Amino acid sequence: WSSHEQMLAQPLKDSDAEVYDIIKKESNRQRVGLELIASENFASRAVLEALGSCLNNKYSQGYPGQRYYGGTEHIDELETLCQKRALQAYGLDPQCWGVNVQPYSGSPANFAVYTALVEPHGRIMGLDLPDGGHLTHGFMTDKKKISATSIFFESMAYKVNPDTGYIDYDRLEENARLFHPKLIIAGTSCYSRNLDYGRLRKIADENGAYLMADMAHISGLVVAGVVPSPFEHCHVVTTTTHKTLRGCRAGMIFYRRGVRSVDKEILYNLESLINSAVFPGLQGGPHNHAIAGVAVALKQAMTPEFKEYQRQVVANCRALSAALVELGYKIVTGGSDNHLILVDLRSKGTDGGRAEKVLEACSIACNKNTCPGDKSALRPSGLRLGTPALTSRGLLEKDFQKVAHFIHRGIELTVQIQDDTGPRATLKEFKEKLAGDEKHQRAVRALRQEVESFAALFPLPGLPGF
């Protein structure tokens, strides 16, 4: 009873040794590994410190103008500030753009938008998952609706041309006339090229639909001006605050304000619809500590250092890509305009399914992903590789060329093991063959060692070993 007050003041290290130890091991794992998973990054110490603030305590349902409770003087300064920085970072005129900074994450932001502009059973069109689309843009089969987007709304995907790897805008244009979407989504999870927002706006307008961009993956590149901005043609732009923006996990919803079209002119009614959908529609108390973190990240994102960082991200990807091509690997669309590339491993006689597991055992992180061709999702041919994470650690072109070779050594190893299993062997048997065969296990150990020694050469953003 007396120690209750001490309990509240006791550091994590002393209070919960078990959780503390987990964080420590995790921190060390991140340090000695090579992060190539495209959606991964490292938040700055500043951002992380914001999350532990007393901002966790205040309930502030509503918005700066109208909150359900009082005592929000400072919470209001914060959310207002965060909104100012968000618009600023993207060179947006507050008279043409507004922004909601309360979404809990990327998926919640998207859903708030659908709930506001689409409504139950409204039609939505998004990039097909196997072609690089995201779950939240629609995901269903001929017998079931899996994603909440597909469950509560009516979704239909649009594909990429498998012979070029590019989104087939022509086919989408024709299909939109028959499907009658209320909203079209411009955003991807695994696509290395810029999106033709202008074309998509024409198609959207033609069908009277809204054009929503989900820039989650390129949000950081956009700020630095390294890839064309989606704010030029879209009505709404959703995004995560982590990934390439490098903040804590959260989301934001940018929306247009003012005149939409002439004749006499009609206006944008996006603002109130979106805000009401976020609250009291879908969420409760906003997570202010996360809003401060996002704010901090937005300030850092406007610095020339961040600008230079993003140029480096894209340059590294180009270098990594060229080095892999020189090694004989096939890159979808032949290359990239951004931070990632999709490597078609068919060019090496294997698949991303087996490759990702072998590379993981070597402490090289990345993930499998189907290539536009692929006649089966149960054996994706590609590997998605992104440069954001390692670039935040200071890796430059030369470093990524060395990384390309580690990955290659990995693919060679994966091929070795596969040939040692059989043509009709299962992924489970493959994984087991890799775990219980000292022969391959020796190869793994040796490559892991080089991979981790090379990784330890670079700093690990965050708190002092936390």
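The first residue of the sequence shown is number 1, and the count goes up from there.
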Handout entry: Count class of deposited residues lacking coordinates, residue 263 to residue 264
Key = 4 to 9
Practice task
On mean C-alpha B-factor from the PDB entry, just flag whether 254-262 or 125-133 is the higher one.
Solution key: 254-262
Handout entry: Mean C-alpha B-factor comparison - 364-372 and 185-193, higher one
Key = 364-372
Completion exercise
Entry record, C-alpha B-factors for 23, 455, 447, 17; the maximum is at 17
Practice task
Could you say which of 402, 29, 58, 428 has its CA atom at the highest B factor, as listed in the PDB entry?
Solution key: 428
Exercise for the section: For residue 451, return the chain-relative third of its C-alpha B-factor as stated in the PDB record: lowest, middle or highest. Expected result: lowest
Exercise for the section: Going by the recorded CA B-factors, say which third of the chain residue 407 sits in, lowest, middle or highest. Expected result: lowest
Completion exercise
Of the three thirds of the chain ranked by Cα temperature factor, residue 344 occupies the middle
Practice task
Determine, from the deposited record, the chain-internal third of the Cα B-factor for residue 90: lowest, middle or highest.
Solution key: lowest
Practice task
Grab the CA temperature factor for residue 170 from the record and place it in the lowest, middle or highest third of its chain.
Solution key: highest
